[PDB]
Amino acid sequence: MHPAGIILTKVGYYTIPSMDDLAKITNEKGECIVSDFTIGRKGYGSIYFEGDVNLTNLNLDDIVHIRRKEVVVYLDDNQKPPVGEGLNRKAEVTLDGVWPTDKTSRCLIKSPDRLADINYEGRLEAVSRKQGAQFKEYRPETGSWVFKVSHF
């Protein structure tokens, strides 16, 4: 059991500060509110939250989902708080391991020159814009697509 009632057990996921530290800074009333929160999943991506974040009683296992080229925060709209509350607020999302596929070999394309030639990052920048997010960058080395959102 965690002092703030925070639940995170999914393999590969982690938080910054860690779940251990989040407990320490929890008040005797079982509340946890930290500044600059990050939750990610090794090899898939991470979500950075600047400012104050109230983690009290949050079941991260059911709320945060970080998959290949996709992040979902609150699977069901019927159970998502209003903008500004919980994790339904502005954040910076990093999606790792994202690369295009060669039409012939069906193998991923990591070649920097090839990625430049097909303007893959511009393709990702356009997708971020169409969804209302603010593209920040694409790092070829790790296939890291970064962009900001107002909320989820």
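One-based numbering along the sequence shown.
Remark: stretch with higher mean C-alpha B factor among 85-93 and 23-31 is 23-31.
For the pair 140-148 and 127-135, the mean B factor over Cα atoms is greater in 127-135.
Across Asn54, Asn119, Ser111, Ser105, the entry's maximum B-factor at the CA atom is seen for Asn54.
Sorting the modelled residues of the chain by their CA temperature factor places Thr9 in the lowest third.
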